[PDB]
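Below: the structure, in structure tokens.
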Amino acid sequence: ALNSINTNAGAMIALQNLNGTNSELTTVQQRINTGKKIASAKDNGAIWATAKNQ
Amino acid sequence: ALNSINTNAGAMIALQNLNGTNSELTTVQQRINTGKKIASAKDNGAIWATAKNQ
Amino acid sequence: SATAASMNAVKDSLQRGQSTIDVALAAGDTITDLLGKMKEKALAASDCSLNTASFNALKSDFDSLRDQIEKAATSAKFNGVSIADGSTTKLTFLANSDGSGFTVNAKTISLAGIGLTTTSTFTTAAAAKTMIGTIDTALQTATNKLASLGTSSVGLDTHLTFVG
Amino acid sequence: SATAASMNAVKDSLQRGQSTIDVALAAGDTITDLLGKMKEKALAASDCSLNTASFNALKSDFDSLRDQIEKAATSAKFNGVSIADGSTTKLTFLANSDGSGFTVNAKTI
Amino acid sequence: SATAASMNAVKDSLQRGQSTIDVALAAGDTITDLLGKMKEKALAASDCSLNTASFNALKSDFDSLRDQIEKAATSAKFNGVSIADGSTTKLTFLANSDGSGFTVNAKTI
Amino acid sequence: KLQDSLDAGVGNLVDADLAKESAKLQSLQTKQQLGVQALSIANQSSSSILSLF
Amino acid sequence: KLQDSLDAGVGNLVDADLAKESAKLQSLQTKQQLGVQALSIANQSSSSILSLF
């Protein structure tokens, strides 16, 4: 209602965007730590399985 | 009106000058990256075409 | 607003599912490394020009690695339930405020799950020749199961974000 | 003054319409992201030099994403009505104190 | 102030034109490199003292480079339109708040 | 190279200029603070009637 | 020689390019710092109501 005292969507949307940025940061940090894109089975199942067997 | 609350030209002109500086910085950084003045066809069409054919 | 509170209840089930699958994935990575080592040992033991003393050493190494695999597989439990031991066939978590479920099938990565049949060794130089192929098949099927588990984990994360 | 009170009644219908369309838009954004991922998986699975084991993994990923799309689409309901499931063809809200309507067509996603 | 808002609408068209021409320029640079290589291969293949086996190798290299050129040229599309494939003759973007246009002729490469 | 070009193009399409948003945010915050005070001034009207009776 | 070829092939399959990850990390760290400040700005809304009463 532009003056509500119980809720505000601006904080919710700011939180959502911050969480998205944190997730991307986590992915990049994992890449830097392990030194490779496909490190686990979550990154890419097909390529990870192929690399293990090879 | 020297006290307007809706607009101010100082911010606009400061923004324009900052953008000009950013553009010059982009040009210099491109020169440093590629190591040459005429790297693409935008820099100088005539000299770029001459160098390619030569 | 009652429904929104119910969704607040759903998110906890999704988080618990995340934790369980993460434990399973860690155990699976260890097991795949051990399976690679076992394949190498079995290949080495199939050489026909070895002494009686090298064959026994390679056999002991193989036995040690197999026991390691069993120990690693049996301990991947979170909150008493697991999707890697073979105790249950599937785990269902909450997905919707109306009681709908998110199903995660069980991917057994124990010795019996991958066909290795605990207390399985080679006694001659010809049994290792077939143990090579057996371990190749075991590694292939283990990697397939772990890829499926990874897909399930990604799905859980995505649905948790959407519910929030 | 009776008409002004009636307009006070109209504003509530307009607000409820706002809420319903907002829920639909959130679900739609999620669905578009999932569709992009599905396109990438389908492109990857069309490679003719893949093993029998990679094709199955890509197929399972595709199936998972499709089920995600269905779950997201079917839950975009506010007050029991929706403009994204395909249950109804349009929703009309109050627009004028004389009974005139504001029509929003249903966009099944 | 209506005119200033219209100029705010003009800037988007100009930016889209920028993006399209940038894509075309990248493709063109790749194509010029490939053309230089093709010239070298054709010069090498014109030697009269070569075997029947070297001529075929040079011919295959030439064919490969030509197919590369076609692949590079046909993919320089932004938003479905291009100034390098030869599909259209020119592209006009907004230049003024009164509807005037900025014309960019198509350069088929 | 082509993927880089396409990403840059989309970014050119939908990105913002935060340097301008900072100035706009400052001006709008000041204007909102002034608007609350103006509403407070407007409320206190008609309070002087009681002195007549 | 064959073992070297296979190792190089697997590395080509699953390796990353750290030069690009450095740039992405810098941009993401800046964006997170900006996001915390944006959330802080968003929190301070509705604090001006108290002046009306």
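Scheme for the structure tokens: letters A, B, ... for chains in order shown; per-chain residue numbers from 1; ligand numbers from 1 in order shown.
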Using all C-alpha atoms paired in order, least-squares fit chain D onto chain E and give me the moved copy as a compact mmCIF listing (two decimals) with N, CA, C and O atoms, in the first residue's frame.
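Resulting contents of part-v8.txt:
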# COMPACT_ATOMS: atom_id res chain seq x y z
N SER D 1 8.46 17.98 -22.89
CA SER D 1 8.93 16.78 -22.20
C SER D 1 8.53 15.49 -22.91
O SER D 1 9.23 14.47 -22.79
N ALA D 2 7.42 15.51 -23.65
CA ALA D 2 7.08 14.34 -24.46
C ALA D 2 8.21 13.99 -25.43
O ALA D 2 8.53 12.81 -25.63
N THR D 3 8.82 15.01 -26.04
CA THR D 3 9.90 14.77 -26.99
C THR D 3 11.12 14.15 -26.32
O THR D 3 11.78 13.28 -26.90
N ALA D 4 11.45 14.59 -25.10
CA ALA D 4 12.57 13.99 -24.39
C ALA D 4 12.32 12.52 -24.09
O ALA D 4 13.23 11.69 -24.22
N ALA D 5 11.10 12.17 -23.70
CA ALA D 5 10.78 10.75 -23.53
C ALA D 5 10.95 9.98 -24.84
O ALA D 5 11.46 8.85 -24.86
N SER D 6 10.53 10.57 -25.96
CA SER D 6 10.71 9.90 -27.24
C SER D 6 12.19 9.65 -27.54
O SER D 6 12.56 8.61 -28.09
N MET D 7 13.06 10.61 -27.20
CA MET D 7 14.49 10.39 -27.39
C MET D 7 14.99 9.23 -26.53
O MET D 7 15.87 8.45 -26.94
N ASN D 8 14.45 9.13 -25.32
CA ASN D 8 14.72 7.97 -24.49
C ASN D 8 14.35 6.68 -25.21
O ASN D 8 14.99 5.64 -25.00
N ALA D 9 13.32 6.72 -26.05
CA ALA D 9 12.99 5.54 -26.86
C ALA D 9 13.96 5.34 -28.03
O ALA D 9 14.15 4.21 -28.47
N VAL D 10 14.53 6.42 -28.55
CA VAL D 10 15.45 6.33 -29.70
C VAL D 10 16.75 5.63 -29.31
O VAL D 10 17.35 4.87 -30.10
N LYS D 11 17.23 5.91 -28.10
CA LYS D 11 18.54 5.39 -27.69
C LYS D 11 18.60 3.86 -27.74
O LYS D 11 19.65 3.29 -28.04
N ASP D 12 17.49 3.18 -27.45
CA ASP D 12 17.47 1.72 -27.48
C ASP D 12 17.71 1.18 -28.88
O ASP D 12 18.46 0.21 -29.07
N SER D 13 17.07 1.79 -29.88
CA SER D 13 17.30 1.37 -31.26
C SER D 13 18.75 1.57 -31.65
O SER D 13 19.35 0.70 -32.30
N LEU D 14 19.34 2.70 -31.25
CA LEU D 14 20.75 2.91 -31.57
C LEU D 14 21.64 1.84 -30.93
O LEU D 14 22.58 1.34 -31.57
N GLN D 15 21.36 1.48 -29.68
CA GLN D 15 22.17 0.45 -29.01
C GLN D 15 22.05 -0.91 -29.70
O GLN D 15 23.05 -1.63 -29.85
N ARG D 16 20.84 -1.28 -30.11
CA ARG D 16 20.67 -2.54 -30.82
C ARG D 16 21.45 -2.55 -32.13
O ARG D 16 22.06 -3.57 -32.50
N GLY D 17 21.45 -1.42 -32.84
CA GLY D 17 22.27 -1.32 -34.04
C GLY D 17 23.75 -1.51 -33.76
O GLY D 17 24.46 -2.18 -34.52
N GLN D 18 24.23 -0.92 -32.66
CA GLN D 18 25.61 -1.13 -32.26
C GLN D 18 25.93 -2.61 -32.12
O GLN D 18 26.94 -3.10 -32.63
N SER D 19 25.07 -3.34 -31.40
CA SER D 19 25.32 -4.76 -31.16
C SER D 19 25.38 -5.55 -32.47
O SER D 19 26.27 -6.39 -32.68
N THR D 20 24.42 -5.29 -33.37
CA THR D 20 24.39 -6.01 -34.64
C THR D 20 25.67 -5.78 -35.44
O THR D 20 26.28 -6.73 -35.96
N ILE D 21 26.11 -4.52 -35.54
CA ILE D 21 27.30 -4.25 -36.33
C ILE D 21 28.54 -4.86 -35.69
O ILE D 21 29.46 -5.30 -36.39
N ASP D 22 28.60 -4.91 -34.35
CA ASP D 22 29.75 -5.53 -33.70
C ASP D 22 29.85 -7.01 -34.05
O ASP D 22 30.95 -7.52 -34.33
N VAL D 23 28.72 -7.71 -34.04
CA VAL D 23 28.74 -9.13 -34.42
C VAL D 23 29.25 -9.29 -35.85
O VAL D 23 30.09 -10.16 -36.16
N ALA D 24 28.75 -8.44 -36.76
CA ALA D 24 29.19 -8.52 -38.15
C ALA D 24 30.70 -8.30 -38.27
O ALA D 24 31.37 -8.99 -39.05
N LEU D 25 31.24 -7.34 -37.52
CA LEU D 25 32.67 -7.05 -37.61
C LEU D 25 33.52 -8.22 -37.13
O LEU D 25 34.57 -8.52 -37.71
N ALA D 26 33.10 -8.88 -36.04
CA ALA D 26 33.85 -10.05 -35.58
C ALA D 26 33.89 -11.14 -36.66
O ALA D 26 34.96 -11.69 -36.98
N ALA D 27 32.73 -11.45 -37.24
CA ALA D 27 32.71 -12.45 -38.30
C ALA D 27 33.60 -12.03 -39.47
O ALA D 27 34.31 -12.86 -40.05
N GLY D 28 33.59 -10.74 -39.81
CA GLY D 28 34.40 -10.28 -40.93
C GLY D 28 35.89 -10.44 -40.69
O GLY D 28 36.64 -10.78 -41.61
N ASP D 29 36.34 -10.18 -39.47
CA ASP D 29 37.76 -10.37 -39.16
C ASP D 29 38.16 -11.84 -39.34
O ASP D 29 39.19 -12.15 -39.96
N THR D 30 37.33 -12.75 -38.83
CA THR D 30 37.63 -14.17 -39.03
C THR D 30 37.70 -14.51 -40.52
O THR D 30 38.60 -15.24 -40.96
N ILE D 31 36.77 -13.98 -41.30
CA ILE D 31 36.71 -14.30 -42.72
C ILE D 31 37.95 -13.79 -43.45
O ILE D 31 38.47 -14.46 -44.35
N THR D 32 38.44 -12.60 -43.09
CA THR D 32 39.64 -12.09 -43.75
C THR D 32 40.85 -12.96 -43.45
O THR D 32 41.68 -13.22 -44.34
N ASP D 33 40.98 -13.43 -42.21
CA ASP D 33 42.08 -14.34 -41.90
C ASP D 33 42.00 -15.61 -42.75
O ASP D 33 43.00 -16.07 -43.34
N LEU D 34 40.79 -16.18 -42.86
CA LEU D 34 40.63 -17.39 -43.67
C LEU D 34 40.95 -17.13 -45.13
O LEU D 34 41.50 -18.00 -45.82
N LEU D 35 40.60 -15.95 -45.64
CA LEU D 35 40.89 -15.63 -47.04
C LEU D 35 42.38 -15.54 -47.30
O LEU D 35 42.87 -15.97 -48.35
N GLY D 36 43.13 -14.96 -46.36
CA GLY D 36 44.58 -14.96 -46.51
C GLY D 36 45.15 -16.37 -46.59
O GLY D 36 45.98 -16.69 -47.45
N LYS D 37 44.67 -17.26 -45.70
CA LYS D 37 45.14 -18.64 -45.75
C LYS D 37 44.78 -19.32 -47.07
O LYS D 37 45.58 -20.08 -47.63
N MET D 38 43.57 -19.06 -47.57
CA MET D 38 43.16 -19.66 -48.84
C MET D 38 44.04 -19.18 -49.99
O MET D 38 44.37 -19.97 -50.89
N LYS D 39 44.40 -17.90 -49.99
CA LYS D 39 45.30 -17.41 -51.03
C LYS D 39 46.63 -18.13 -50.98
O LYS D 39 47.18 -18.50 -52.03
N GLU D 40 47.17 -18.35 -49.78
CA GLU D 40 48.44 -19.07 -49.69
C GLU D 40 48.32 -20.50 -50.21
O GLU D 40 49.20 -20.98 -50.93
N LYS D 41 47.23 -21.19 -49.86
CA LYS D 41 47.04 -22.56 -50.34
C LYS D 41 46.93 -22.61 -51.86
O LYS D 41 47.52 -23.48 -52.51
N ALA D 42 46.17 -21.67 -52.44
CA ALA D 42 46.01 -21.65 -53.89
C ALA D 42 47.33 -21.35 -54.59
O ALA D 42 47.62 -21.91 -55.65
N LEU D 43 48.14 -20.45 -54.02
CA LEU D 43 49.46 -20.19 -54.59
C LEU D 43 50.33 -21.44 -54.53
O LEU D 43 51.03 -21.76 -55.50
N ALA D 44 50.31 -22.16 -53.41
CA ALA D 44 51.13 -23.35 -53.29
C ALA D 44 50.71 -24.43 -54.28
O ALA D 44 51.55 -25.14 -54.83
N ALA D 45 49.40 -24.56 -54.52
CA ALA D 45 48.90 -25.60 -55.41
C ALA D 45 49.17 -25.32 -56.88
O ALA D 45 48.97 -26.22 -57.71
N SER D 46 49.60 -24.12 -57.24
CA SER D 46 49.84 -23.79 -58.64
C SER D 46 51.21 -24.18 -59.11
O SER D 46 51.52 -23.94 -60.27
N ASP D 47 52.04 -24.76 -58.25
CA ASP D 47 53.37 -25.21 -58.63
C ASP D 47 53.25 -26.41 -59.55
O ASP D 47 52.54 -27.37 -59.25
N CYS D 48 53.96 -26.37 -60.67
CA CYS D 48 53.87 -27.40 -61.69
C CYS D 48 54.75 -28.61 -61.41
O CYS D 48 54.64 -29.61 -62.12
N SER D 49 55.62 -28.54 -60.41
CA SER D 49 56.55 -29.62 -60.09
C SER D 49 56.09 -30.47 -58.91
O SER D 49 56.91 -31.16 -58.30
N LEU D 50 54.81 -30.43 -58.58
CA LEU D 50 54.27 -31.17 -57.45
C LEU D 50 53.80 -32.55 -57.87
O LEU D 50 53.51 -32.80 -59.05
N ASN D 51 53.72 -33.46 -56.90
CA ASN D 51 53.19 -34.79 -57.14
C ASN D 51 51.67 -34.75 -57.21
O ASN D 51 51.03 -33.74 -56.89
N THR D 52 51.09 -35.87 -57.63
CA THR D 52 49.64 -36.01 -57.57
C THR D 52 49.13 -36.06 -56.14
O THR D 52 47.95 -35.78 -55.90
N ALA D 53 49.99 -36.40 -55.18
CA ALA D 53 49.60 -36.55 -53.79
C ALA D 53 49.61 -35.24 -53.01
O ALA D 53 48.83 -35.09 -52.07
N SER D 54 50.49 -34.30 -53.37
CA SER D 54 50.49 -32.99 -52.73
C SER D 54 49.37 -32.09 -53.23
O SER D 54 48.82 -31.29 -52.46
N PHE D 55 49.03 -32.22 -54.51
CA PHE D 55 47.94 -31.43 -55.08
C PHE D 55 46.63 -31.74 -54.37
O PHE D 55 45.86 -30.84 -54.05
N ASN D 56 46.37 -33.03 -54.11
CA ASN D 56 45.14 -33.40 -53.42
C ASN D 56 45.10 -32.87 -52.00
O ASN D 56 44.05 -32.43 -51.52
N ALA D 57 46.24 -32.91 -51.30
CA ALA D 57 46.28 -32.37 -49.94
C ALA D 57 45.99 -30.88 -49.92
O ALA D 57 45.21 -30.39 -49.09
N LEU D 58 46.60 -30.13 -50.85
CA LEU D 58 46.34 -28.70 -50.92
C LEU D 58 44.89 -28.41 -51.29
O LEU D 58 44.28 -27.47 -50.77
N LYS D 59 44.33 -29.22 -52.19
CA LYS D 59 42.93 -29.06 -52.57
C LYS D 59 42.00 -29.29 -51.38
O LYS D 59 41.03 -28.55 -51.18
N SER D 60 42.30 -30.30 -50.56
CA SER D 60 41.49 -30.56 -49.37
C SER D 60 41.61 -29.42 -48.37
O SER D 60 40.61 -29.04 -47.74
N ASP D 61 42.81 -28.87 -48.19
CA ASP D 61 42.97 -27.71 -47.31
C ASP D 61 42.14 -26.53 -47.80
O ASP D 61 41.48 -25.84 -47.00
N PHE D 62 42.16 -26.28 -49.11
CA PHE D 62 41.37 -25.20 -49.68
C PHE D 62 39.88 -25.39 -49.42
O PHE D 62 39.17 -24.46 -49.02
N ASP D 63 39.40 -26.62 -49.64
CA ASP D 63 37.99 -26.93 -49.42
C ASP D 63 37.61 -26.71 -47.96
O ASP D 63 36.55 -26.14 -47.65
N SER D 64 38.47 -27.15 -47.04
CA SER D 64 38.20 -26.98 -45.62
C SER D 64 38.08 -25.51 -45.25
O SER D 64 37.16 -25.10 -44.54
N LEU D 65 39.01 -24.69 -45.75
CA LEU D 65 38.96 -23.26 -45.44
C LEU D 65 37.72 -22.60 -46.01
O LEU D 65 37.12 -21.73 -45.37
N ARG D 66 37.31 -22.99 -47.22
CA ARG D 66 36.11 -22.40 -47.81
C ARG D 66 34.87 -22.73 -46.99
O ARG D 66 34.01 -21.87 -46.74
N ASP D 67 34.75 -23.99 -46.55
CA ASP D 67 33.62 -24.36 -45.70
C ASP D 67 33.65 -23.59 -44.38
O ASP D 67 32.60 -23.19 -43.86
N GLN D 68 34.84 -23.37 -43.83
CA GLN D 68 34.97 -22.53 -42.65
C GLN D 68 34.43 -21.13 -42.90
O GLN D 68 33.73 -20.57 -42.05
N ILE D 69 34.75 -20.56 -44.05
CA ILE D 69 34.27 -19.21 -44.37
C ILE D 69 32.75 -19.18 -44.39
O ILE D 69 32.12 -18.26 -43.85
N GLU D 70 32.14 -20.18 -45.03
CA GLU D 70 30.68 -20.20 -45.10
C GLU D 70 30.06 -20.32 -43.71
O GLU D 70 29.10 -19.60 -43.39
N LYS D 71 30.60 -21.21 -42.88
CA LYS D 71 30.08 -21.35 -41.52
C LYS D 71 30.18 -20.04 -40.75
O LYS D 71 29.23 -19.64 -40.06
N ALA D 72 31.33 -19.37 -40.83
CA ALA D 72 31.50 -18.12 -40.10
C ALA D 72 30.55 -17.05 -40.60
O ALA D 72 29.99 -16.30 -39.79
N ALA D 73 30.36 -16.94 -41.91
CA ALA D 73 29.52 -15.88 -42.45
C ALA D 73 28.05 -16.09 -42.11
O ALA D 73 27.34 -15.13 -41.81
N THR D 74 27.57 -17.33 -42.14
CA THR D 74 26.14 -17.56 -41.97
C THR D 74 25.66 -17.40 -40.53
O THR D 74 24.45 -17.37 -40.30
N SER D 75 26.57 -17.31 -39.55
CA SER D 75 26.19 -17.29 -38.15
C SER D 75 26.24 -15.91 -37.52
O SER D 75 26.02 -15.79 -36.31
N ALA D 76 26.52 -14.87 -38.29
CA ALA D 76 26.66 -13.52 -37.74
C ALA D 76 25.30 -12.83 -37.70
O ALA D 76 25.04 -11.85 -38.39
N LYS D 77 24.42 -13.37 -36.85
CA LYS D 77 23.08 -12.85 -36.68
C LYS D 77 22.89 -12.39 -35.24
O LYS D 77 23.28 -13.09 -34.30
N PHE D 78 22.29 -11.22 -35.07
CA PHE D 78 21.87 -10.73 -33.77
C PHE D 78 20.39 -10.40 -33.85
O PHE D 78 19.97 -9.63 -34.73
N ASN D 79 19.60 -10.99 -32.96
CA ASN D 79 18.15 -10.81 -32.93
C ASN D 79 17.49 -11.28 -34.23
O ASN D 79 16.40 -10.82 -34.58
N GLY D 80 18.12 -12.20 -34.95
CA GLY D 80 17.56 -12.76 -36.15
C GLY D 80 17.83 -11.99 -37.42
O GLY D 80 17.50 -12.48 -38.50
N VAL D 81 18.44 -10.81 -37.33
CA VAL D 81 18.75 -9.99 -38.49
C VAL D 81 20.26 -9.87 -38.61
O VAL D 81 20.98 -9.99 -37.61
N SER D 82 20.74 -9.65 -39.82
CA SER D 82 22.18 -9.60 -40.07
C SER D 82 22.47 -8.67 -41.23
O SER D 82 21.64 -8.47 -42.12
N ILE D 83 23.67 -8.10 -41.22
CA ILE D 83 24.17 -7.28 -42.32
C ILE D 83 25.38 -7.93 -42.99
O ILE D 83 26.16 -7.25 -43.63
N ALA D 84 25.53 -9.24 -42.84
CA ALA D 84 26.64 -9.95 -43.45
C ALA D 84 26.24 -11.21 -44.20
O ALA D 84 27.08 -11.78 -44.90
N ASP D 85 24.99 -11.66 -44.08
CA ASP D 85 24.57 -12.87 -44.78
C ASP D 85 24.07 -12.57 -46.19
O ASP D 85 24.17 -13.43 -47.07
N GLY D 86 23.55 -11.37 -46.42
CA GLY D 86 22.91 -11.07 -47.67
C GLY D 86 21.42 -11.30 -47.70
O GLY D 86 20.83 -11.35 -48.78
N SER D 87 20.79 -11.45 -46.53
CA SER D 87 19.35 -11.70 -46.49
C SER D 87 18.55 -10.43 -46.79
O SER D 87 17.49 -10.50 -47.41
N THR D 88 19.04 -9.28 -46.35
CA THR D 88 18.37 -8.01 -46.57
C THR D 88 19.36 -7.02 -47.19
O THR D 88 20.56 -7.26 -47.23
N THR D 89 18.83 -5.91 -47.68
CA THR D 89 19.64 -4.94 -48.39
C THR D 89 20.13 -3.79 -47.52
O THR D 89 21.18 -3.21 -47.82
N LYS D 90 19.41 -3.45 -46.46
CA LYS D 90 19.85 -2.40 -45.54
C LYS D 90 19.04 -2.50 -44.26
O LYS D 90 17.98 -3.12 -44.22
N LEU D 91 19.58 -1.89 -43.20
CA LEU D 91 18.90 -1.82 -41.91
C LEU D 91 18.82 -0.36 -41.48
O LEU D 91 19.82 0.36 -41.51
N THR D 92 17.63 0.07 -41.06
CA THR D 92 17.41 1.45 -40.64
C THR D 92 17.04 1.46 -39.17
O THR D 92 16.14 0.73 -38.74
N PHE D 93 17.73 2.28 -38.39
CA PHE D 93 17.47 2.45 -36.97
C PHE D 93 16.91 3.85 -36.72
O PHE D 93 16.93 4.71 -37.59
N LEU D 94 16.39 4.06 -35.52
CA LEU D 94 15.86 5.37 -35.17
C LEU D 94 16.99 6.35 -34.93
O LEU D 94 17.98 6.03 -34.28
N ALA D 95 16.83 7.57 -35.45
CA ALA D 95 17.85 8.59 -35.29
C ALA D 95 17.32 9.88 -34.69
O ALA D 95 18.10 10.65 -34.13
N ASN D 96 16.02 10.13 -34.77
CA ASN D 96 15.43 11.38 -34.31
C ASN D 96 14.07 11.08 -33.71
O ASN D 96 13.45 10.07 -34.03
N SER D 97 13.62 11.97 -32.84
CA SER D 97 12.34 11.80 -32.16
C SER D 97 11.15 11.98 -33.08
O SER D 97 10.02 11.71 -32.66
N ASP D 98 11.35 12.43 -34.32
CA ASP D 98 10.28 12.61 -35.28
C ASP D 98 10.12 11.44 -36.23
O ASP D 98 9.28 11.51 -37.14
N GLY D 99 10.89 10.38 -36.07
CA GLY D 99 10.81 9.21 -36.93
C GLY D 99 11.91 9.11 -37.96
O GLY D 99 11.89 8.15 -38.75
N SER D 100 12.85 10.04 -37.99
CA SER D 100 13.92 10.00 -38.98
C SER D 100 14.81 8.79 -38.75
O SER D 100 14.92 8.28 -37.64
N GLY D 101 15.44 8.32 -39.82
CA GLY D 101 16.21 7.09 -39.75
C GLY D 101 17.70 7.24 -39.97
O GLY D 101 18.17 8.16 -40.64
N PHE D 102 18.45 6.31 -39.38
CA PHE D 102 19.87 6.14 -39.60
C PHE D 102 20.05 4.87 -40.41
O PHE D 102 19.70 3.78 -39.94
N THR D 103 20.58 4.99 -41.62
CA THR D 103 20.62 3.89 -42.58
C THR D 103 22.00 3.25 -42.59
O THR D 103 23.01 3.95 -42.66
N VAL D 104 22.03 1.92 -42.52
CA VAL D 104 23.26 1.14 -42.60
C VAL D 104 23.07 0.16 -43.75
O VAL D 104 22.21 -0.73 -43.67
N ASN D 105 23.86 0.31 -44.80
CA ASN D 105 23.75 -0.59 -45.93
C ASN D 105 24.35 -1.95 -45.59
O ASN D 105 25.26 -2.07 -44.77
N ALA D 106 23.84 -2.98 -46.24
CA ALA D 106 24.27 -4.35 -45.99
C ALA D 106 25.53 -4.64 -46.80
O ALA D 106 25.59 -4.35 -48.00
N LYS D 107 26.52 -5.23 -46.14
CA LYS D 107 27.81 -5.55 -46.74
C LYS D 107 27.97 -7.07 -46.70
O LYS D 107 28.50 -7.62 -45.73
N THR D 108 27.52 -7.74 -47.75
CA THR D 108 27.56 -9.20 -47.78
C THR D 108 29.00 -9.69 -47.84
O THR D 108 29.76 -9.34 -48.74
N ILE D 109 29.38 -10.53 -46.87
CA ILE D 109 30.73 -11.07 -46.82
C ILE D 109 30.68 -12.59 -46.85
O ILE D 109 31.62 -13.26 -46.41
Residues of chain F within 12 Å of chain B, using only C-alpha atoms, as an mmCIF file with N, CA and C atoms, in the first residue's frame?
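Written output follows (result37.cif):
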data_model
loop_
_atom_site.group_PDB
_atom_site.id
_atom_site.type_symbol
_atom_site.label_atom_id
_atom_site.label_comp_id
_atom_site.auth_asym_id
_atom_site.auth_seq_id
_atom_site.Cartn_x
_atom_site.Cartn_y
_atom_site.Cartn_z
ATOM 1 N N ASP F 17 23.163 2.017 -15.985
ATOM 2 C CA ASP F 17 24.288 2.891 -15.667
ATOM 3 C C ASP F 17 24.113 3.312 -14.214
ATOM 4 N N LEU F 18 24.906 2.724 -13.318
ATOM 5 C CA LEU F 18 24.683 2.934 -11.893
ATOM 6 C C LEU F 18 25.113 4.324 -11.442
ATOM 7 N N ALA F 19 26.007 4.969 -12.191
ATOM 8 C CA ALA F 19 26.414 6.326 -11.850
ATOM 9 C C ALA F 19 25.230 7.280 -11.887
ATOM 10 N N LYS F 20 24.322 7.090 -12.843
ATOM 11 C CA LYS F 20 23.136 7.936 -12.918
ATOM 12 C C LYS F 20 22.108 7.549 -11.862
ATOM 13 N N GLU F 21 22.003 6.252 -11.567
ATOM 14 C CA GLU F 21 21.052 5.799 -10.563
ATOM 15 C C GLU F 21 21.410 6.317 -9.180
ATOM 16 N N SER F 22 22.698 6.497 -8.886
ATOM 17 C CA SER F 22 23.073 7.064 -7.592
ATOM 18 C C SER F 22 22.532 8.481 -7.428
ATOM 19 N N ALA F 23 22.706 9.320 -8.451
ATOM 20 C CA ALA F 23 22.212 10.691 -8.383
ATOM 21 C C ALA F 23 20.694 10.722 -8.277
ATOM 22 N N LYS F 24 20.020 9.890 -9.075
ATOM 23 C CA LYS F 24 18.563 9.856 -9.010
ATOM 24 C C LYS F 24 18.085 9.393 -7.641
ATOM 25 N N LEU F 25 18.773 8.415 -7.049
ATOM 26 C CA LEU F 25 18.401 7.930 -5.727
ATOM 27 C C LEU F 25 18.550 9.017 -4.675
ATOM 28 N N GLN F 26 19.648 9.775 -4.728
ATOM 29 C CA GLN F 26 19.829 10.863 -3.769
ATOM 30 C C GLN F 26 18.704 11.886 -3.879
ATOM 31 N N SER F 27 18.406 12.320 -5.107
ATOM 32 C CA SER F 27 17.366 13.330 -5.279
ATOM 33 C C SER F 27 16.010 12.813 -4.814
ATOM 34 N N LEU F 28 15.696 11.551 -5.110
ATOM 35 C CA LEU F 28 14.397 11.010 -4.725
ATOM 36 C C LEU F 28 14.282 10.832 -3.217
ATOM 37 N N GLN F 29 15.364 10.435 -2.547
ATOM 38 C CA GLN F 29 15.314 10.337 -1.091
ATOM 39 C C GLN F 29 15.069 11.699 -0.458
ATOM 40 N N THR F 30 15.754 12.734 -0.952
ATOM 41 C CA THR F 30 15.500 14.077 -0.433
ATOM 42 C C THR F 30 14.059 14.504 -0.684
ATOM 43 N N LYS F 31 13.537 14.217 -1.878
ATOM 44 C CA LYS F 31 12.171 14.616 -2.192
ATOM 45 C C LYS F 31 11.152 13.889 -1.327
ATOM 46 N N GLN F 32 11.392 12.618 -1.008
ATOM 47 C CA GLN F 32 10.480 11.900 -0.118
ATOM 48 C C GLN F 32 10.516 12.467 1.294
ATOM 49 N N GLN F 33 11.712 12.793 1.792
ATOM 50 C CA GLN F 33 11.801 13.422 3.106
ATOM 51 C C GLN F 33 11.052 14.745 3.129
ATOM 52 N N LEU F 34 11.129 15.511 2.043
ATOM 53 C CA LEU F 34 10.385 16.766 1.979
ATOM 54 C C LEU F 34 8.883 16.525 1.875
ATOM 55 N N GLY F 35 8.476 15.463 1.179
ATOM 56 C CA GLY F 35 7.061 15.170 1.044
ATOM 57 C C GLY F 35 6.400 14.778 2.347
#
Determine which residues of chain A DSSP labels as helix (DSSP H, G or I) from the backbone of this structure, then write them out as a PyMOL selection string. chain A and resi 9-34+45-53
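For chain F, the residues within 9 Å of chain G are residues 33, 36, 37, 39 and 40 of chain F, with only C-alpha atoms used to measure distance.
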When you get a sec, could you note down which chain C residues fall within 10 Å of chain A, using only C-alpha atoms, as number ranges by chain? C: 25-26, 28-29, 32-33, 36, 136, 139-154, 161, 164
Closest-contact table, chain F side, partner chain E, 8 Å, counting only C-alpha atoms, as JSON lines:
{"residue": "F:1", "atom": "CA", "partner": "E:26", "partner_atom": "CA", "distance": 7.8}
{"residue": "F:2", "atom": "CA", "partner": "E:26", "partner_atom": "CA", "distance": 7.4}
{"residue": "F:5", "atom": "CA", "partner": "E:23", "partner_atom": "CA", "distance": 6.0}
{"residue": "F:6", "atom": "CA", "partner": "E:23", "partner_atom": "CA", "distance": 7.2}
{"residue": "F:8", "atom": "CA", "partner": "E:19", "partner_atom": "CA", "distance": 7.9}
{"residue": "F:9", "atom": "CA", "partner": "E:19", "partner_atom": "CA", "distance": 4.8}
{"residue": "F:10", "atom": "CA", "partner": "E:19", "partner_atom": "CA", "distance": 7.9}
{"residue": "F:12", "atom": "CA", "partner": "E:15", "partner_atom": "CA", "distance": 6.9}
{"residue": "F:13", "atom": "CA", "partner": "E:16", "partner_atom": "CA", "distance": 6.5}
